[PDB]
$ cat run03.csv   # CSV, N, CA and C atoms
chain,number,residue,atom,x,y,z
Y,1,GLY,N,166.8,166.2,-32.2
Y,1,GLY,CA,167.1,166.2,-30.8
Y,1,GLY,C,167.5,167.6,-30.4
Y,2,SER,N,166.6,168.4,-29.9
Y,2,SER,CA,166.8,169.8,-29.4
Y,2,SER,C,166.0,170.1,-28.2
Y,3,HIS,N,166.7,170.7,-27.2
Y,3,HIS,CA,166.0,171.1,-26.0
Y,3,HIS,C,165.7,172.6,-26.0
Y,4,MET,N,164.4,172.9,-26.1
Y,4,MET,CA,163.9,174.3,-26.1
Y,4,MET,C,163.3,174.6,-24.8
Y,5,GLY,N,162.3,173.8,-24.4
Y,5,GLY,CA,161.6,174.1,-23.1
Y,5,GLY,C,160.9,172.9,-22.6
Y,6,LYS,N,161.6,172.1,-21.8
Y,6,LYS,CA,161.0,170.9,-21.2
Y,6,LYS,C,160.0,171.2,-20.1
Y,7,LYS,N,158.7,170.8,-20.3
Y,7,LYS,CA,157.7,171.1,-19.4
Y,7,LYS,C,157.2,169.8,-18.7
Y,8,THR,N,157.6,169.7,-17.4
Y,8,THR,CA,157.2,168.5,-16.6
Y,8,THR,C,156.2,168.9,-15.6
Y,9,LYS,N,155.2,168.0,-15.4
Y,9,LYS,CA,154.1,168.2,-14.5
Y,9,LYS,C,153.9,166.9,-13.6
Y,10,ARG,N,154.1,167.1,-12.3
Y,10,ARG,CA,153.9,166.0,-11.4
Y,10,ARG,C,153.4,166.4,-10.1
Y,11,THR,N,152.6,165.6,-9.4
Y,11,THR,CA,152.0,166.0,-8.1
Y,11,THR,C,152.1,164.8,-7.1
Y,12,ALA,N,152.8,165.0,-6.0
Y,12,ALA,CA,153.0,164.0,-5.0
Y,12,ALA,C,152.2,164.3,-3.8
Y,13,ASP,N,152.4,165.5,-3.2
Y,13,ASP,CA,151.7,165.9,-2.0
Y,13,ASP,C,152.0,165.0,-0.8
Y,14,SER,N,152.9,165.3,0.0
Y,14,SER,CA,153.3,164.5,1.2
Y,14,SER,C,153.4,165.3,2.4
Y,15,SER,N,152.2,165.5,3.0
Y,15,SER,CA,152.1,166.3,4.3
Y,15,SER,C,151.7,165.4,5.4
Y,16,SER,N,152.8,164.8,6.0
Y,16,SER,CA,152.6,163.9,7.2
Y,16,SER,C,153.7,164.0,8.1
Y,17,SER,N,153.6,165.0,9.0
Y,17,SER,CA,154.7,165.3,10.0
Y,17,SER,C,154.1,166.1,11.1
Y,18,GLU,N,154.6,165.8,12.4
Y,18,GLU,CA,154.1,166.6,13.5
Y,18,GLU,C,155.0,166.3,14.7
Y,19,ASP,N,155.4,167.3,15.4
Y,19,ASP,CA,156.3,167.2,16.6
Y,19,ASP,C,155.5,167.2,17.9
Y,20,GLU,N,155.5,166.1,18.6
Y,20,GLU,CA,154.7,166.0,19.8
Y,20,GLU,C,155.5,165.0,20.8
Y,21,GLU,N,155.3,165.3,22.1
Y,21,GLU,CA,155.9,164.4,23.1
Y,21,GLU,C,154.9,164.0,24.2
Y,22,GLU,N,154.9,162.7,24.6
Y,22,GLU,CA,154.0,162.2,25.6
Y,22,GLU,C,154.7,161.4,26.6
Y,23,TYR,N,154.1,161.2,27.8
Y,23,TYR,CA,154.7,160.4,28.8
Y,23,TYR,C,154.0,159.1,29.0
Y,24,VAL,N,154.8,158.0,28.7
Y,24,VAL,CA,154.3,156.6,28.8
Y,24,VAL,C,155.2,155.7,29.6
Y,25,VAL,N,154.7,155.1,30.7
Y,25,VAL,CA,155.5,154.2,31.5
Y,25,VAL,C,155.9,153.0,30.7
Y,26,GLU,N,157.1,152.5,31.1
Y,26,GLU,CA,157.7,151.4,30.4
Y,26,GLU,C,157.5,150.1,31.2
Y,27,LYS,N,157.9,150.1,32.4
Y,27,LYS,CA,157.8,149.0,33.3
Y,27,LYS,C,158.4,149.3,34.7
Y,28,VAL,N,158.0,148.4,35.7
Y,28,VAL,CA,158.5,148.6,37.0
Y,28,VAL,C,159.9,148.0,37.2
Y,29,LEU,N,160.9,148.9,37.5
Y,29,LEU,CA,162.3,148.4,37.6
Y,29,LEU,C,162.5,148.1,39.1
Y,30,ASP,N,162.2,149.0,40.0
Y,30,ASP,CA,162.4,148.8,41.4
Y,30,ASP,C,161.2,149.4,42.2
Y,31,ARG,N,161.2,149.1,43.5
Y,31,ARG,CA,160.1,149.6,44.4
Y,31,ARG,C,160.7,149.8,45.8
Y,32,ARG,N,160.3,150.9,46.4
Y,32,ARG,CA,160.7,151.3,47.8
Y,32,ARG,C,159.6,151.9,48.6
Y,33,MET,N,159.7,151.8,49.9
Y,33,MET,CA,158.6,152.3,50.8
Y,33,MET,C,159.3,153.2,51.9
Y,34,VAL,N,158.7,154.3,52.1
Y,34,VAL,CA,159.2,155.2,53.1
Y,34,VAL,C,158.0,156.0,53.8
Y,35,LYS,N,158.1,156.1,55.1
Y,35,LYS,CA,157.1,156.8,55.9
Y,35,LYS,C,155.7,156.3,55.6
Y,36,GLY,N,155.6,154.9,55.6
Y,36,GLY,CA,154.3,154.3,55.3
Y,36,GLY,C,153.8,154.7,53.9
Y,37,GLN,N,154.7,154.9,53.0
Y,37,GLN,CA,154.3,155.3,51.6
Y,37,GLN,C,155.0,154.4,50.6
Y,38,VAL,N,154.3,153.8,49.7
Y,38,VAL,CA,154.9,152.9,48.7
Y,38,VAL,C,155.2,153.7,47.5
Y,39,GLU,N,156.3,153.4,46.8
Y,39,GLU,CA,156.8,154.1,45.6
Y,39,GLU,C,157.4,153.1,44.6
Y,40,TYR,N,157.4,153.5,43.4
Y,40,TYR,CA,157.9,152.7,42.3
Y,40,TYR,C,158.7,153.5,41.3
Y,41,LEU,N,159.6,152.8,40.6
Y,41,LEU,CA,160.5,153.4,39.7
Y,41,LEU,C,159.9,153.4,38.3
Y,42,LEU,N,159.4,154.6,37.9
Y,42,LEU,CA,158.8,154.7,36.5
Y,42,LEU,C,159.8,155.2,35.5
Y,43,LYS,N,159.6,154.9,34.2
Y,43,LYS,CA,160.5,155.4,33.2
Y,43,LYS,C,159.7,155.9,32.0
Y,44,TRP,N,159.6,157.2,31.8
Y,44,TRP,CA,158.8,157.8,30.7
Y,44,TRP,C,159.6,157.6,29.4
Y,45,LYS,N,158.8,157.4,28.3
Y,45,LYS,CA,159.4,157.2,27.0
Y,45,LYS,C,160.4,158.3,26.7
Y,46,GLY,N,161.6,157.9,26.4
Y,46,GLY,CA,162.6,158.9,26.1
Y,46,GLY,C,163.7,159.1,27.2
Y,47,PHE,N,163.2,159.0,28.4
Y,47,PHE,CA,164.0,159.2,29.6
Y,47,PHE,C,165.0,158.0,29.8
Y,48,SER,N,166.3,158.3,29.7
Y,48,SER,CA,167.3,157.2,29.9
Y,48,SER,C,167.2,156.6,31.3
Y,49,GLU,N,167.9,155.5,31.5
Y,49,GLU,CA,168.0,154.8,32.7
Y,49,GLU,C,168.3,155.8,33.9
Y,50,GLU,N,169.4,156.5,33.7
Y,50,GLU,CA,169.9,157.5,34.7
Y,50,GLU,C,168.9,158.5,34.9
Y,51,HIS,N,168.0,158.7,34.0
Y,51,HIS,CA,166.9,159.7,34.1
Y,51,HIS,C,165.7,159.1,34.8
Y,52,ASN,N,165.9,158.0,35.4
Y,52,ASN,CA,164.8,157.3,36.1
Y,52,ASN,C,164.1,158.2,37.2
Y,53,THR,N,162.8,158.0,37.4
Y,53,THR,CA,162.1,158.8,38.4
Y,53,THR,C,161.2,157.9,39.3
Y,54,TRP,N,161.1,158.3,40.5
Y,54,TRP,CA,160.3,157.6,41.5
Y,54,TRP,C,158.9,158.3,41.7
Y,55,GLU,N,157.9,157.4,41.9
Y,55,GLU,CA,156.5,158.0,42.1
Y,55,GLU,C,155.8,157.1,43.1
Y,56,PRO,N,154.8,157.7,43.8
Y,56,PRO,CA,154.0,157.0,44.8
Y,56,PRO,C,153.0,156.0,44.2
Y,57,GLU,N,152.8,154.9,44.9
Y,57,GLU,CA,151.9,153.9,44.4
Y,57,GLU,C,150.5,154.4,44.0
Y,58,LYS,N,150.0,155.3,44.9
Y,58,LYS,CA,148.7,156.0,44.6
Y,58,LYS,C,148.7,156.6,43.2
Y,59,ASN,N,149.9,157.0,42.7
Y,59,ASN,CA,150.0,157.6,41.4
Y,59,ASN,C,150.2,156.6,40.3
Y,60,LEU,N,150.8,155.5,40.7
Y,60,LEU,CA,151.0,154.4,39.7
Y,60,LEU,C,149.7,153.9,39.1
Y,61,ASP,N,149.5,154.4,37.9
Y,61,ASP,CA,148.3,154.1,37.1
Y,61,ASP,C,148.5,152.8,36.4
Y,62,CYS,N,148.9,151.7,37.0
Y,62,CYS,CA,149.2,150.4,36.4
Y,62,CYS,C,149.4,149.4,37.5
Y,63,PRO,N,148.3,148.8,38.0
Y,63,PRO,CA,148.4,147.7,39.0
Y,63,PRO,C,149.0,146.4,38.5
Y,64,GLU,N,148.6,146.1,37.2
Y,64,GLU,CA,149.0,144.9,36.6
Y,64,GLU,C,150.6,144.8,36.6
Y,65,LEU,N,151.2,145.9,36.3
Y,65,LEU,CA,152.7,146.0,36.3
Y,65,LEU,C,153.3,145.4,37.6
Y,66,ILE,N,152.8,145.9,38.7
Y,66,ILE,CA,153.3,145.5,40.0
Y,66,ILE,C,153.1,144.0,40.2
Y,67,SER,N,151.9,143.5,39.8
Y,67,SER,CA,151.5,142.1,40.0
Y,67,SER,C,152.6,141.2,39.2
Y,68,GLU,N,152.9,141.6,38.0
Y,68,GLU,CA,153.9,140.9,37.2
Y,68,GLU,C,155.3,141.0,37.8
Y,69,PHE,N,155.7,142.2,38.2
Y,69,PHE,CA,157.0,142.4,38.8
Y,69,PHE,C,157.2,141.5,40.0
Y,70,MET,N,156.2,141.4,40.9
Y,70,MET,CA,156.3,140.6,42.0
Y,70,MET,C,156.7,139.1,41.6
Y,71,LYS,N,156.3,138.7,40.4
Y,71,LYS,CA,156.6,137.4,39.9
Y,71,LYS,C,158.1,137.2,39.8
Y,72,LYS,N,158.8,138.3,39.3
Y,72,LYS,CA,160.2,138.2,39.0
Y,72,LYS,C,161.0,138.4,40.4
Y,73,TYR,N,160.6,139.4,41.2
Y,73,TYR,CA,161.2,139.6,42.5
Y,73,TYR,C,161.2,138.3,43.3
Y,74,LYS,N,160.1,137.6,43.3
Y,74,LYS,CA,160.0,136.4,44.1
Y,74,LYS,C,161.1,135.5,43.8
Y,75,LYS,N,161.4,135.2,42.5
Y,75,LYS,CA,162.6,134.4,42.2
Y,75,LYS,C,163.9,135.0,42.5
Y,76,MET,N,164.0,136.3,42.3
Y,76,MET,CA,165.3,137.0,42.6
Y,76,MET,C,165.6,136.8,44.1
Y,77,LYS,N,164.7,137.1,45.0
Y,77,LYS,CA,164.9,137.0,46.4
Y,77,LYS,C,164.8,135.5,46.8
Y,78,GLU,N,165.8,135.1,47.6
Y,78,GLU,CA,165.8,133.7,48.1
Y,78,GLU,C,164.8,133.5,49.2
Y,79,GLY,N,163.8,132.7,48.9
Y,79,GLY,CA,162.7,132.4,49.8
Y,79,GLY,C,161.4,132.1,49.2
Y,80,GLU,N,161.1,130.8,49.1
Y,80,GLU,CA,159.9,130.3,48.4
Y,80,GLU,C,158.9,129.8,49.5
Y,81,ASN,N,159.4,128.9,50.3
Y,81,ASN,CA,158.6,128.3,51.4
Y,81,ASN,C,158.9,129.0,52.7
Y,82,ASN,N,160.1,129.1,53.1
Y,82,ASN,CA,160.5,129.7,54.4
Y,82,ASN,C,160.4,131.2,54.3
Y,83,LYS,N,159.6,131.8,55.1
Y,83,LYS,CA,159.4,133.2,55.1
Y,83,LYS,C,160.6,134.0,55.7

$ encode --input "run03.csv" --output "C-alpha cells"
Amino acid sequence: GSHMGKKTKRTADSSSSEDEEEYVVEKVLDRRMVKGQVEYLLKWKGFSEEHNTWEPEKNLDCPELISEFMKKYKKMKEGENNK
C-alpha cells in the first residue's frame, strides 16, 4: 500500500445554464375604465403585487382572461337578477 501517483480520469460535461428574462401575464386582478378607455391590472412574471401595472384593453392580449374574471366578479358583486 503506497501512494506514488494516483491517476483519475472522468468526464461529466454539464453545460446547461442561461440568464434570460421574459414578460408573461399571470391573470386579471382588477379592471378600470377612464375617458372611454378600458384598462386591466396585469402582472408580469417576477413583478410583486405592489409592482402591479395597468394596461389598456386594446393591449390586453388575452380575451379569455377577462371572460373568466367576469365569472368571479359576478359573484363578488351583489346582483344576479336585479340590475

$ atom_distance --input "run03.csv" --atom1 "CA of residue 53 (chain Y)" --atom2 "CA of residue 75 (chain Y)"
24.7 Å

$ closest_residue --input "run03.csv" --among "Y:38, Y:70, Y:29, Y:65" --to "residue 52 (chain Y)" --atoms "only C-alpha atoms"
Y:29

$ atom_distance --input "run03.csv" --atom1 "CA of residue 33 (chain Y)" --atom2 "CA of residue 54 (chain Y)"
10.8 Å

$ select_by_dssp --input "run03.csv" --residues "region 30-68 of chain Y" --states "alpha helix (DSSP H)" --output "NGL selection string"
:Y and (63-68)

$ write_last_selection --input "run03.csv" --atoms "N, CA and C atoms" --output "PDB file, keeping the file's coordinate frame"
ATOM      1  N   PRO Y  63     148.300 148.800  38.000  1.00  0.00           N
ATOM      2  CA  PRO Y  63     148.400 147.700  39.000  1.00  0.00           C
ATOM      3  C   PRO Y  63     149.000 146.400  38.500  1.00  0.00           C
ATOM      4  N   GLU Y  64     148.600 146.100  37.200  1.00  0.00           N
ATOM      5  CA  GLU Y  64     149.000 144.900  36.600  1.00  0.00           C
ATOM      6  C   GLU Y  64     150.600 144.800  36.600  1.00  0.00           C
ATOM      7  N   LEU Y  65     151.200 145.900  36.300  1.00  0.00           N
ATOM      8  CA  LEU Y  65     152.700 146.000  36.300  1.00  0.00           C
ATOM      9  C   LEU Y  65     153.300 145.400  37.600  1.00  0.00           C
ATOM     10  N   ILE Y  66     152.800 145.900  38.700  1.00  0.00           N
ATOM     11  CA  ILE Y  66     153.300 145.500  40.000  1.00  0.00           C
ATOM     12  C   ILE Y  66     153.100 144.000  40.200  1.00  0.00           C
ATOM     13  N   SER Y  67     151.900 143.500  39.800  1.00  0.00           N
ATOM     14  CA  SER Y  67     151.500 142.100  40.000  1.00  0.00           C
ATOM     15  C   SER Y  67     152.600 141.200  39.200  1.00  0.00           C
ATOM     16  N   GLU Y  68     152.900 141.600  38.000  1.00  0.00           N
ATOM     17  CA  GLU Y  68     153.900 140.900  37.200  1.00  0.00           C
ATOM     18  C   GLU Y  68     155.300 141.000  37.800  1.00  0.00           C
TER      19      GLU Y  68
END

$ closest_residue --input "run03.csv" --among "Y:56, Y:1, Y:78, Y:71" --to "residue 31 (chain Y)" --atoms "only C-alpha atoms"
Y:56

$ atom_distance --input "run03.csv" --atom1 "atom N of residue 25 (chain Y)" --atom2 "CA of residue 77 (chain Y)"
26.0 Å

$ residues_around --input "run03.csv" --residues "residue 28 (chain Y)" --least-positions-apart "6" --cutoff "8 Å" --atoms "only N, CA and C atoms" --output "list in words"
residues 40, 41, 42, 43, 65, 66 and 69 of chain Y

$ select_by_dssp --input "run03.csv" --residues "chain Y" --states "strand (DSSP E or B)" --output "ChimeraX atom specification"
/Y:25,31-34,37-42,44,53-56

$ residues_around --input "run03.csv" --residues "residue 45 (chain Y)" --least-positions-apart "3" --cutoff "7 Å" --atoms "only N, CA and C atoms" --output "PyMOL selection string"
chain Y and resi 22-26+48

$ write_last_selection --input "run03.csv" --atoms "N, CA and C atoms" --output "PDB file, keeping the file's coordinate frame"
ATOM      1  N   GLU Y  22     154.900 162.700  24.600  1.00  0.00           N
ATOM      2  CA  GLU Y  22     154.000 162.200  25.600  1.00  0.00           C
ATOM      3  C   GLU Y  22     154.700 161.400  26.600  1.00  0.00           C
ATOM      4  N   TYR Y  23     154.100 161.200  27.800  1.00  0.00           N
ATOM      5  CA  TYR Y  23     154.700 160.400  28.800  1.00  0.00           C
ATOM      6  C   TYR Y  23     154.000 159.100  29.000  1.00  0.00           C
ATOM      7  N   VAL Y  24     154.800 158.000  28.700  1.00  0.00           N
ATOM      8  CA  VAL Y  24     154.300 156.600  28.800  1.00  0.00           C
ATOM      9  C   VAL Y  24     155.200 155.700  29.600  1.00  0.00           C
ATOM     10  N   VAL Y  25     154.700 155.100  30.700  1.00  0.00           N
ATOM     11  CA  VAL Y  25     155.500 154.200  31.500  1.00  0.00           C
ATOM     12  C   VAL Y  25     155.900 153.000  30.700  1.00  0.00           C
ATOM     13  N   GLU Y  26     157.100 152.500  31.100  1.00  0.00           N
ATOM     14  CA  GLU Y  26     157.700 151.400  30.400  1.00  0.00           C
ATOM     15  C   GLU Y  26     157.500 150.100  31.200  1.00  0.00           C
ATOM     16  N   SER Y  48     166.300 158.300  29.700  1.00  0.00           N
ATOM     17  CA  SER Y  48     167.300 157.200  29.900  1.00  0.00           C
ATOM     18  C   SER Y  48     167.200 156.600  31.300  1.00  0.00           C
TER      19      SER Y  48
END

$ closest_residue --input "run03.csv" --among "Y:9, Y:18, Y:39, Y:3" --to "residue 58 (chain Y)" --atoms "all atoms listed in the file"
Y:39
